[PDB]
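A single chain comes next, written as structure tokens; it is the form deposited in one PDB entry.
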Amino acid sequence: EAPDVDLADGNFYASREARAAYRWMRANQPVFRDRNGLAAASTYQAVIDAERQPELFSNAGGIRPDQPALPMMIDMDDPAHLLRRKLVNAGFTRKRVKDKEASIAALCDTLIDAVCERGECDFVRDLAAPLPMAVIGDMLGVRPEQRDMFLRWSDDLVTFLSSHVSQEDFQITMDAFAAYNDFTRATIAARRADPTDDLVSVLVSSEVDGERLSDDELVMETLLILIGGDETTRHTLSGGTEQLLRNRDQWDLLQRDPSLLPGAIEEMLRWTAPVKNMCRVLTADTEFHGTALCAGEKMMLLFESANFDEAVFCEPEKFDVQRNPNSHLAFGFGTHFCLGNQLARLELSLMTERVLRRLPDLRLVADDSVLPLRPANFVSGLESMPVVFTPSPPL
């Protein structure tokens, strides 16, 4: 019989029995309906096929199951979406991202310098969460001593998207947005008067076919980037490193052969799938991989389920840094394929290279620990990951 699950309940995604439920879906009802009737594409094939049909599976109803659209690229269809994406793309050209390498590396070394003398840290609190926050904060002009403020606002906003909030938590979300709005409009005004080379400066100057971003659009698109920057990669850093530590043959392989790091990062992404789902709204009734879908309902794309689909990935519960091919869907596919994917990959590579080299005997405090995952229906990963290592002097 079907698993009795609610795919909008954050407790489902904090359960290490989610993957057992996904297995049932893929084998028995690939386009699954949960206990409340919510539709979800569980196979790699169904996710790809929906992604390739944006006119039928739209983003314009919003990408969460129980919330309306916001005025940002991810909640738009082409052609409007393409113009918005092209405008924002000025901040994420291959050259502009690759040029951040030196500054990202410096942040990695500063963060490791803060714990390397101690012999213990919480990998989540001290390395995985702060590095992406510092990178994206630096891009947006956030002072180092205000990073924690922005990360708290970000946590509130992604929690709003990851749940059905109470009235008090709705008020907190609105207050967080108001504070972000205020800060960002001050930045816009300053960069319109004295442009620099930071992200707001590049976005203010971006032009596509005589069109530019308005101040309202700049606020919304930079907020999408802030939350991508500081609520996603952290979970691949923590959960990916956790798999290296739980399978020490994998750790040992990477330490003796740095040319394996690109494939390792892709396997960390496949495994961790920090974005558990994005929704699509049906523009018409349709029969889709055996399940009848109705115009106006939302269907989830289950990216973690796709990433463990045995039709595509041999022995998917084996973590293998050498996996080739590894065409995972952690960043999605198609029109809305993550705009930040290169920056996320660069952060993952640079921090993991340095962790391997500077903390070479890193291990989990309890090798048979089951560590807790964040209850959230949208983005999730490890809450805490205590690790020990031989101390060393800072750089």
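Superpose the two forms; the largest set of C-alphas matching within 1.5 Å is the rigid core. The first residue of the sequence shown is number 1, and the count goes up from there.
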### Query
Is the mean CA B factor in the deposited entry higher across 199-207 or across 107-115?
199-207
### Summary
Ranked by mean Cα B-factor in the entry, 44-52 and 64-72, top stretch is 64-72
### Summary
Looking only at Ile227, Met299, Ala80, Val124, the Cα with the top B-factor belongs to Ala80
## Note on the structure
Residue set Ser259, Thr241, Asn307, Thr233, per-entry CA B-factor max assigned to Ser259
#### Entry: Third of chain Cα B-factors occupied by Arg212
highest
### Query
Considering only modelled residues of the same chain, in which third does the CA B-factor of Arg152 rank: lowest, middle or highest?
middle
### Query
What third of the chain, by the recorded C-alpha B-factor, contains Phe160?
middle
### Task
Could you look up the Cα B-factor of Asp320 in the entry and say which third of the chain it sits in: lowest, middle or highest?
lowest
### Task
Using the B-factors in the PDB entry, rank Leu293's C-alpha atom against the chain and give the third, lowest, middle or highest.
middle
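Omitted here: the form deposited in another entry. The next part is about that form.
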#### Entry: Sole residue of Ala292, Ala114, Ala106, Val208 shifting 2 angstroms or more in CA between the shown form and the other one, core aligned
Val208
### Query
Once everything's superposed on the core, is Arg256 shifted 2 Å or more at the Cα between the shown form and the other one?
no
#### Entry: C-alpha of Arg192 off by 2 Å or more between the shown form and the other one on rigid core
yes
### Query
Core-aligned, does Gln322 move its Cα 2 Å or more between the shown form and the other one?
no
### Query
What happens to the Cα distance from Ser15 to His164 in the other entry: does it get closer or farther than here, with a change of 3 angstroms or more?
closer
### Cα-Cα trend for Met385 and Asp169, given that in the other entry the distance shifts by 3 Å or more
closer
